[PDB]
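In: Model the structure of this input:
(one chain, ligands or ions: 18)
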Amino acid sequence: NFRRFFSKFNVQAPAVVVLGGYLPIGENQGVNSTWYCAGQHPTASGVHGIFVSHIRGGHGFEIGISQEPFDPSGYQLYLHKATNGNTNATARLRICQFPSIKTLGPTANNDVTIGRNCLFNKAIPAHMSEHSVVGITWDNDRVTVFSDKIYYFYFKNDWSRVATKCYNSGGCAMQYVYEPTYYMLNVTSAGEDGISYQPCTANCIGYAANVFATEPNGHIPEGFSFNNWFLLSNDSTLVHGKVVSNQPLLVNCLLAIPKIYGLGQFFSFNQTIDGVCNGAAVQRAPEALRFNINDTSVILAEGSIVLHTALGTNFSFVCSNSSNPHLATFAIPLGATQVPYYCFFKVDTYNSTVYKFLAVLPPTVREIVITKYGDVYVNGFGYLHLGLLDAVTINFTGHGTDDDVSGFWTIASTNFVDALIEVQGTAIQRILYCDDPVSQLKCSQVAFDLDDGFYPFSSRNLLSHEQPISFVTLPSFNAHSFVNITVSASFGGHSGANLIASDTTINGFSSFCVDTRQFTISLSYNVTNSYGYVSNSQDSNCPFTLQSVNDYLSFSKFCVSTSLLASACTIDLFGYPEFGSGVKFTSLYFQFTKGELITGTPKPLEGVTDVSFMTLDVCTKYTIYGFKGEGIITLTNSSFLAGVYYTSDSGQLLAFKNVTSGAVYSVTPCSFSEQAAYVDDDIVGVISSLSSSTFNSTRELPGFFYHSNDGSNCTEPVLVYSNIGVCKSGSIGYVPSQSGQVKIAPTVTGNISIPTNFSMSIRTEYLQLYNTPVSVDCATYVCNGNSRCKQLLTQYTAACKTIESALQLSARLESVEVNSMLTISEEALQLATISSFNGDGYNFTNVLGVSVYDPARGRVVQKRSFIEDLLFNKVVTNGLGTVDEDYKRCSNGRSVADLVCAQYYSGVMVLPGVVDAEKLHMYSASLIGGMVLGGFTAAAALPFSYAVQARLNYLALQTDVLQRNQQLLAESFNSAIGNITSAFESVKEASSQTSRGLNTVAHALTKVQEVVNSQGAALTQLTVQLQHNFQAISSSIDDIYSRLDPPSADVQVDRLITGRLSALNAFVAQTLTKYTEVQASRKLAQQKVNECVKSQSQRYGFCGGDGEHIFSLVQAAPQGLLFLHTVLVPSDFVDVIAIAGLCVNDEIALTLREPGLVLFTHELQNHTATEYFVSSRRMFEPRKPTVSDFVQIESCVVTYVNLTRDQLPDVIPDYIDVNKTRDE
Ligand SMILES: *[C@@H]1O[C@H](CO)[C@@H](O[C@@H]2O[C@H](CO)[C@@H](O[C@@H]3O[C@H](CO[C@H]4O[C@H](CO)[C@@H](O)[C@H](O)[C@@H]4O)[C@@H](O)[C@H](O[C@H]4O[C@H](CO)[C@@H](O)[C@H](O)[C@@H]4O)[C@@H]3O)[C@H](O)[C@H]2NC(C)=O)[C@H](O)[C@H]1NC(C)=O
Ligand SMILES: *[C@@H]1O[C@H](CO[C@@H]2O[C@@H](C)[C@@H](O)[C@@H](O)[C@@H]2O)[C@@H](O[C@@H]2O[C@H](CO)[C@@H](O[C@@H]3O[C@H](CO)[C@@H](O)[C@H](O)[C@@H]3O)[C@H](O)[C@H]2NC(C)=O)[C@H](O)[C@H]1NC(C)=O
Ligand SMILES: *[C@@H]1O[C@H](CO[C@@H]2O[C@@H](C)[C@@H](O)[C@@H](O)[C@@H]2O)[C@@H](O[C@@H]2O[C@H](CO)[C@@H](O[C@@H]3O[C@H](CO)[C@@H](O)[C@H](O)[C@@H]3O)[C@H](O)[C@H]2NC(C)=O)[C@H](O)[C@H]1NC(C)=O
Ligand SMILES: *[C@@H]1O[C@H](CO)[C@@H](O[C@@H]2O[C@H](CO)[C@@H](O[C@@H]3O[C@H](CO)[C@@H](O)[C@H](O)[C@@H]3O)[C@H](O)[C@H]2NC(C)=O)[C@H](O)[C@H]1NC(C)=O
Ligand SMILES: *[C@@H]1O[C@H](CO)[C@@H](O[C@@H]2O[C@H](CO)[C@@H](O[C@@H]3O[C@H](CO)[C@@H](O)[C@H](O)[C@@H]3O)[C@H](O)[C@H]2NC(C)=O)[C@H](O)[C@H]1NC(C)=O
Ligand SMILES: *[C@@H]1O[C@H](CO)[C@@H](O[C@@H]2O[C@H](CO)[C@@H](O[C@@H]3O[C@H](CO)[C@@H](O)[C@H](O)[C@@H]3O)[C@H](O)[C@H]2NC(C)=O)[C@H](O)[C@H]1NC(C)=O
Ligand SMILES: *[C@@H]1O[C@H](CO)[C@@H](O[C@@H]2O[C@H](CO)[C@@H](O[C@@H]3O[C@H](CO)[C@@H](O)[C@H](O)[C@@H]3O)[C@H](O)[C@H]2NC(C)=O)[C@H](O)[C@H]1NC(C)=O
Ligand SMILES: *[C@@H]1O[C@H](CO)[C@@H](O[C@@H]2O[C@H](CO)[C@@H](O)[C@H](O)[C@H]2NC(C)=O)[C@H](O)[C@H]1NC(C)=O
Ligand SMILES: *[C@@H]1O[C@H](CO)[C@@H](O[C@@H]2O[C@H](CO)[C@@H](O)[C@H](O)[C@H]2NC(C)=O)[C@H](O)[C@H]1NC(C)=O
Ligand SMILES: *[C@@H]1O[C@H](CO[C@@H]2O[C@@H](C)[C@@H](O)[C@@H](O)[C@@H]2O)[C@@H](O)[C@H](O)[C@H]1NC(C)=O
Ligand SMILES: *[C@@H]1O[C@H](CO[C@@H]2O[C@@H](C)[C@@H](O)[C@@H](O)[C@@H]2O)[C@@H](O)[C@H](O)[C@H]1NC(C)=O
Ligand SMILES: *[C@@H]1O[C@H](CO)[C@@H](O)[C@H](O)[C@H]1NC(C)=O
Ligand SMILES: *[C@@H]1O[C@H](CO)[C@@H](O)[C@H](O)[C@H]1NC(C)=O
Ligand SMILES: *[C@@H]1O[C@H](CO)[C@@H](O)[C@H](O)[C@H]1NC(C)=O
Ligand SMILES: *[C@@H]1O[C@H](CO)[C@@H](O)[C@H](O)[C@H]1NC(C)=O
Ligand SMILES: *[C@@H]1O[C@H](CO)[C@@H](O)[C@H](O)[C@H]1NC(C)=O
Ligand SMILES: *[C@@H]1O[C@H](CO)[C@@H](O)[C@H](O)[C@H]1NC(C)=O
Ligand SMILES: *[C@@H]1O[C@H](CO)[C@@H](O)[C@H](O)[C@H]1NC(C)=O
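Out: Residues are numbered from 1 along each chain as shown. Ligands and ions are numbered 1, 2, ... in the order given. What follows is the structure:
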């Protein structure tokens, strides 16, 4: 049955969980089984658990558990009930130094007397249902009993041996357990019903949400919940954001432990921890092991956590509901998580036993992490610090037995690692380790996903620095002198707060001047306190400290005087006795000038007449003629005769001369900047000045080297930059010069070509219309609401006023421009829906938007088009425009503020966009319906084919309008619309974006993405400036005004006011640039819609590239319009012989009136019958000539066709001969 047994694990009804431990192992499934169910009385060894599965009315039952060594000193368990009284059948149990009953019997053959020493020899009730299961499990000196509840007892034992007496019950009555098993409870209802257990295999462990399988490299597998893995923090916890921090998240081993079992284990920071790691174990000694639990009752037991320091000191962890270990008793009379618990560490050594206070235990402890270097965290807060730990012991107490096996409580052997952390709601949700060079680049910025582009990357340096030290100065006769400066004082007096004497001498004198080239300071303290020790501190008001002068500092002169000296910087020495007199010693005055005459040394340098020493062609830390730096020194062929050390015009050291031999050595940095080509979420290529790197292929561009994994040429550049383009596979190649559409220049005669077989193509263009109006409160942003700071701010006059003035002026101008810009006609809107609009052959389904009666307050809603859905949802980070937060609830203050309120509390308020996406979509639909609105009323809803025909006739008169003539154009338009939709649907899939560049969908969507990102990026960059401390005491103005007196505080706060105001001014400057840029785009859109959408354009190439523009339609876009310019492109050209004009009988010249009209001979009758046709020069539309198309000219030319009055009517059928007709 087993329903009741798993029902004893109190679990919520609709939850599915994973079981573990020494559970009953299934009647038949697996090897398992082997229920005895008969009085055979078997014997086994190494058993870790036994069970009884069926109570057939209360049959007899006997248990004998002992040690395999058969020791007499150990405790033996023997449970005996040879009774069938059910309720009265109270089972006899004797946990004693007890008869190790070998086979069977109340006493039987054994050793040890019955009652030599007993811990429990009472009677226990043993009545339960037939399907009830009772069992006992022992492991790690912990014993668990399943008698109607999951009991738990700590008991030092070794119970690998068991002997039983059995009575038959249903064929499966009692059993042993040797190894842990698992189960899957698909619970659906409370009680014994709706449980639906099933057997298991090693795959169930990963199914638990709070445990994971460690990757072989030690990283957390993706998708982990991080339910309780709080990020560690010494001072404060971030509530929402992204942080790159050094945290112990690189786990070596994860020990999933069932909640019903406690853990007693020795953990050392010097050895790989034991236990069965769920994932791929790493044989590395932990430095930070993280414990995950469910309830505080596990830890509250005294001595649960014992920390052993490297010195051997032990810290016993004690929790109690009192406060004074020294003056109160900590024997706990309370439990069940009642009242706050005050937890301490009891220092245990036979010198002095003191208690160190951790913190008030929170009402719910979920993760405690203990690391070496002496640091312990509770719920992600570093309450207490210690010295270097080396070992930790854990003595836990199972769980609360009221909700168990809801997975496992786990402990993780982790190592510190710098990882990018995404946290929202003060809880982790995803992580990214900063080890992979791609991951290193990602952690260089703060982002998990990076758009395609070139990102700066630093050349990898030597991981082991081991840098030799270089030091070069002028040659001179070597000479070293020690300057010691001995200070003599006697402090303390009475009670340690008095003084007696104080004096100092410099080499036995009150003043000294260094004459030898080398010198080394060595301060000595001849100070004695009558009360104890003297604490010494050193001041500094010089470019150097006493410890720093020995670091190869160079001077022309260096004189030290204990008294005031002219032009001498001051350094003071402070002496602190045990009780803190706080007085200072004599001030040290250092008069010095820059030069190479003398140099401080840490030790008298070797060498004769020259002390310089340096290492060639190795990344080294150098001090060259006072120029401290790190770089590579290489001998070069330069022969600069003058000078000693050479520097660029910017003051950077370039090369220095050996002077002794005349050789010069160039100084270059150890590492050089590199550009990493990051496309398709991977590093595919690196632009570097180095000749080689960790890539199998390397191509040398004229200006730089390029390393990648693909040496082939790149012909389809996914990403372009400067003169080069990079493919998605890492290939590099020059961008080919795309050949544009050919345009035929008009001419009066000779061979010409008339384009034909026109097919239309849609070219997409996006133009931004407006920006989100941002109004920042300058006063509250700068002063942070501090009244006393506003008085100082007022001294800056209009610097604060002009910011908001310009911001509001720009916002109002943009608002009024776009408001007067958007004109909407309701009649056009009527014809803009699928039911009304009728595109015969033209598929406008992807372009039009449906309209339904909205139940929301009745007002009808017109859903935006499918293309608009694709453009908005897939790009907008918030999904919808209504997500823009409102400030009505922002001042409530009853909930923790989010990012919007965080920036609003600093005076930054974001006004809603001037026009909603709904209004923009209705405007686009209005334009689409108006391009087919043939009359002032709705009764003139022309079919789109008629509008297309009219627009075709506008640019070239159609002489043969057949059905297929429009059908081919309609088919081409439908195909191009399908291509556009496929391109919008997804990137580089279902629509090959190999055709990429300007006037394409990819460029438009990249522009939309950058537009929607820049507005947030600027605001975040503004808000982060508040964190900066502009060389003041602190970033908090009230903190400054509290630490300092009013005079100095005003000076200090003025530093940040200038810093914040300059940062605020920088934001305005970039927004005005954005406003200026968007104004030009908006002005073009007004020109674009009038000259392309509301009417076809005679301007060549204005509406979406070259070709004959037939029409264009507009779709709503984020903060702008997406123009879809439909343009005709020819597929073939007809070659005909143009005619300049006609001259009949050499007496009347006759030429074409229309400049954009040609006359030619075509087809079979071009030369066999000499037939003449006229047509537009834009499209091939042959038409017989008419007298209205011809004009008379006073004179002829040679190029004109030579005809006679009889032949002319053949050329011009409409011509009539007045003389011939009248004379008949
Ligand atoms: C809360 O505040 C506590 C301080 O009370 C911080 O504790 C520090 O934790 C860091 C680790 O995050 C400790 O840094 C480690 O120091 C070890 C020993 O330091 C000696 O050796 C280094 C290197 O030679 C010397 O520079 C140093 O002066 C000491 O002489 C190092 O061995 C560790 O090396 C690890 O990092 C390096 C990279 O730097 C890796 O290459 C190594 O492989 C290794 O992984 C490490 O540098 C620091 O000592 C702790 N300080 C104290 C006083 O204990 C907590 O980190 C802080 N917590 C938070 C969340 O802020
Ligand atoms: C865990 O339990 C859930 C809940 O279902 C309940 O518990 C099961 C153990 C059974 O005893 C169910 O009778 C009981 O309602 C299981 O979800 C259930 O899965 C089954 C398929 O295995 C669903 O049956 C099908 O459902 C589809 C869609 O409704 C129908 O078209 C089919 O004709 C067929 O009926 C069943 O609907 C579904 N329960 C509910 C409430 O939707 C679940 O499979 C089980 N195991 C795991 C691993 O979760
Ligand atoms: C038709 O088109 C023009 C029109 O000329 C007219 O028709 C001719 C048949 C003659 O009867 C012309 O007298 C008449 O105006 C013809 O173009 C003509 O081409 C000839 C040469 O092929 C030109 O003569 C030249 O004149 C220059 C001096 O200007 C001399 O130096 C040359 O040696 C040569 O003789 C003549 O000027 C020119 N006419 C005009 C008006 O430019 C054309 O040849 C004729 N036939 C065809 C097939 O087009
Ligand atoms: C690990 O933790 C367990 C759980 O607290 C510790 O067991 C506890 O040890 C104390 C000290 O002996 C026991 O107190 C004594 O109990 C006996 C009855 O057994 C009583 O007669 C004494 O007067 C005294 O109160 C306590 O009962 C016992 N808890 C349990 C559940 O058995 C254990 O000592 C810890 N071990 C280490 C190494 O830290
Ligand atoms: C220990 O883990 C369990 C789950 O893994 C959690 O404790 C349990 O929390 C649930 C609700 O979160 C409690 O459910 C309640 O049960 C009562 C009894 O029927 C019911 O009337 C309520 O409506 C509610 O459903 C459940 O009792 C509780 N189990 C306990 C406390 O044993 C929690 O994550 C951890 N417990 C603690 C105290 O932190
Ligand atoms: C700058 O150029 C000078 C001159 O070329 C370099 O001086 C050279 O230094 C080396 C090492 O000190 C001298 O080697 C000699 O070796 C003998 C035998 O072991 C030893 O007895 C000498 O005391 C000396 O060490 C070398 O003669 C000397 N060159 C001279 C004097 O012309 C110098 O190393 C170069 N670099 C710097 C940073 O000064
Ligand atoms: C004009 O464009 C519309 C765009 O909606 C075309 O209508 C849709 O055409 C597809 C052809 O693949 C139909 O097939 C499939 O339908 C399933 C279920 O609706 C859908 O999940 C697929 O993604 C795919 O769309 C689709 O049923 C049909 N109707 C829709 C999407 O509502 C139409 O065929 C084009 N040509 C005309 C109207 O002549
Ligand atoms: C701190 O605790 C450790 C162990 O908890 C003590 O080390 C034990 O010392 C006894 C000495 O009689 C040995 O028999 C044990 O084997 C040691 N245990 C371990 C794990 O090594 C240590 O003495 C304690 N130190 C103080 C100052 O209390
Ligand atoms: C270009 O114009 C010439 C005359 O202006 C056309 O005449 C061709 O002239 C060549 C030269 O001998 C002959 O071989 C061809 O047979 C002529 N073609 C015709 C149709 O008369 C020529 O056809 C025009 N087109 C091209 C491509 O040259
Ligand atoms: C402590 O560890 C020293 C280093 O050896 C290794 O240490 C860690 C990194 C693990 O890899 C461990 O398995 C190795 O032993 C030892 O030299 C030293 O003896 C160790 N000390 C003690 C007391 O075990
Ligand atoms: C800690 O909590 C105790 C509550 O326990 C109750 O009182 C004791 C005396 C026993 O009778 C026990 O059975 C009860 O449940 C308080 O009595 C005690 O004062 C608290 N500690 C402090 C310092 O206030
Ligand atoms: C237990 O013993 C009492 C006393 O004789 C009796 O009345 C009762 O029925 C017994 N119960 C069972 C379950 O045997
Ligand atoms: C410290 O100065 C006192 C003052 O004369 C002197 O007697 C004593 O010897 C000095 N001690 C040292 C270590 O210099
Ligand atoms: C300075 O102290 C050093 C030892 O630190 C000693 O060798 C040297 O002789 C002392 N010089 C003087 C002038 O006291
Ligand atoms: C210096 O001259 C040598 C010999 O002519 C030559 O091998 C070397 O490449 C030259 N180096 C530079 C930097 O000019
Ligand atoms: C790749 O480009 C280079 C530079 O133009 C050219 O020499 C080479 O032939 C190209 N590769 C192939 C396979 O044509
Ligand atoms: C291209 O135009 C020529 C001449 O007008 C015509 O014969 C041919 O069929 C056209 N091509 C197609 C694919 O219709
Ligand atoms: C994409 O374009 C090709 C050629 O222009 C066309 O055959 C295909 O039908 C288009 N795809 C869609 C979905 O219209």
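In: And the residue nearest to residue 30 when sequence neighbours are not counted, which helix or strand is it part of?
Out: Among residues not flanking residue 30 along the chain, residue 199 sits closest, at 6.5 Å (CB to CB, 6 or more residues apart in numbering). C-betas here are computed from N, CA, C, even on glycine. If you go by DSSP states H and E, residue 199 is not part of any helix or strand.
In: pretty sure residue 199 contacts residue 33?
Out: No - at 11.2 Å, residue 199 does not count as touching residue 33 under the criterion of CB atoms under 8 Å.
In: of those two, who's got more company?
Out: residue 199 (15 against 12; other CB atoms under 10 Å).
In: separation between that one and residue 23?
Out: 10 Å (CB to CB, to the nearest Å).
In: got it, and residue 311?
Out: Using CB to CB, one gets 44 Å for the distance from residue 311 to residue 23.
In: Looking at these two, which is more packed in?
Out: Under the criterion of other CB under 10 Å, the comparison of residue 311 against residue 23 puts residue 23 first, with 27 against 9.
In: Now do the contacts for the more buried one.
Out: 177, 181, 182, 183 (CB atoms under 8 Å, 6 or more residues apart in numbering).
In: Show the contacting residues for the first one.
Out: In other words, residue 177. So residue 177 contacts 22, 23, 24, 25, 47, 48, 49, 50, 51, 135, 137 (CB under 8 Å, 6+ apart).
In: shared neighbours of residue 199 and residue 33, anything?
Out: residue 26.
In: Most proximal residue of the stretch 551-700 of the chain with respect to ligand 7?
Out: Nearest residue of the stretch 551-700 of the chain to ligand 7 (CB to the nearest ligand atom) works out as residue 680 at 26.0 Å.
In: close enough to count as contact, that residue and residue 727?
Out: No - in this structure residue 680 lies outside contact range of residue 727 using CB under 8 Å: 9.8 Å.
In: quick one: which of those two has more around it?
Out: Between residue 680 and residue 727, residue 727 has the larger neighbour count (other CB under 10 Å), namely 24 against 15.
In: Quick check: closest non-adjacent residue to that one.
Out: Computed as CB to CB, 6+ apart, the closest residue to residue 727 that is not its neighbour in sequence is residue 714, at 3.8 Å.
In: Repeat that for residue 380.
Out: Nearest to residue 380 is residue 230, by CB to CB, 6+ apart, at 3.0 Å.
In: Quick one: neighbours of the one you found, just the number.
Out: 22.
In: show me what contacts the closest residue to residue 1009 other than its chain neighbours?
Out: Of all residues not flanking residue 1009 in the chain, residue 875 sits nearest, at 5.8 Å (CB to CB, 6+ apart). Shown in contact with residue 875 (CB under 8 Å, 6+ apart): 1005, 1008, 1009, 1012, 1118.
In: PyMOL command for the buried members of those?
Out: Entered in PyMOL, the line below selects the buried ones among these, by 16 or more other CB atoms under 10 Å:
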select buried, resi 1005+1008+1009+1012+1118
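In: can I get the contacts of residue 875 in CSV with secondary structure and distance to ligand 7?
Out: Below are these laid out as CSV (DSSP: H, G, I helix; E, B strand; the rest coil; distance: CB to the nearest ligand atom, whole Å):
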residue, secondary structure, distance to ligand 7
1005, helix, 20
1008, helix, 23
1009, helix, 25
1012, helix, 27
1118, coil, 23
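In: Keep the contacts of residue 875, but drop any that are not near ligand 8.
Out: Near ligand 8, taking CB under 6 Å from any ligand atom as the test, no member of the contacts of residue 875 is found.
In: Name the nearest of the contacts of residue 875 relative to residue 1141.
Out: residue 1005 (52.9 Å; CB to CB).
In: and that closest one, how far is that from ligand 10?
Out: To ligand 10, residue 1005 is 52 Å away according to CB to the nearest ligand atom, to the nearest Å.
In: Tell me the residues of the stretch 201-350 of the chain that contact ligand 10?
Out: Counting by CB under 6 Å from any ligand atom, the residues of the stretch 201-350 of the chain close to ligand 10 are 270, 271, 272, 285.
In: which residues does the closest residue to the second one other than its chain neighbours contact?
Out: This means residue 271. Once flanking residues are discounted, residue 271 sits nearest to residue 285: 5.8 Å by CB to CB, 6+ apart. By CB under 8 Å, 6+ apart, residue 285 lies in contact with 268, 269, 270, 271, 272.
In: most neighbours, which of the residues you listed?
Out: residue 269 (22 neighbours).
In: distance of that one from residue 286?
Out: For residue 269 relative to residue 286 (CB to CB), the value is 6 Å.
In: again with residue 599
Out: 48 Å.
In: and if you look at residue 511?
Out: For residue 511 relative to residue 286 (CB to CB), the value is 58 Å.
In: And those two? Which one has more around it.
Out: Using other CB under 10 Å as the criterion, residue 511 and residue 286 rank with residue 286 on top: 26 against 15.
In: wait, isn't the more buried one in contact with residue 267?
Out: Yes - Residue 286 is in contact with residue 267 according to CB under 8 Å; the separation is 7.5 Å.
In: anything in contact with each of these two?
Out: Common contact partners of residue 286 and residue 267 (CB under 8 Å, 6+ apart): residue 273.
In: Could you export the top strand by length along the chain as PDB, CA atoms only?
Out: In the chain, assigned by DSSP state E, the strand with the most residues is strand 240-258. C-alpha atoms of strand 240-258 as PDB (Å, rounded to 0.1, in the frame of the first residue of the first chain):
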ATOM      1  CA  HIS A 240      17.600  45.100  -7.800                       C
ATOM      2  CA  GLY A 241      20.300  45.500 -10.400                       C
ATOM      3  CA  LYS A 242      23.400  43.800 -11.800                       C
ATOM      4  CA  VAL A 243      26.700  43.500  -9.900                       C
ATOM      5  CA  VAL A 244      30.100  42.000 -10.800                       C
ATOM      6  CA  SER A 245      31.500  40.900  -7.500                       C
ATOM      7  CA  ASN A 246      33.900  38.300  -6.000                       C
ATOM      8  CA  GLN A 247      31.500  35.800  -4.600                       C
ATOM      9  CA  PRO A 248      31.900  32.100  -3.600                       C
ATOM     10  CA  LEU A 249      29.800  30.600  -6.400                       C
ATOM     11  CA  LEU A 250      32.400  28.300  -8.000                       C
ATOM     12  CA  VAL A 251      31.300  25.100  -6.300                       C
ATOM     13  CA  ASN A 252      33.500  22.000  -6.100                       C
ATOM     14  CA  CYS A 253      31.000  19.600  -4.500                       C
ATOM     15  CA  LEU A 254      27.300  19.600  -3.600                       C
ATOM     16  CA  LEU A 255      26.100  17.300  -0.900                       C
ATOM     17  CA  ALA A 256      22.300  16.800  -1.300                       C
ATOM     18  CA  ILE A 257      21.100  15.600   2.100                       C
ATOM     19  CA  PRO A 258      17.500  14.600   2.800                       C
END
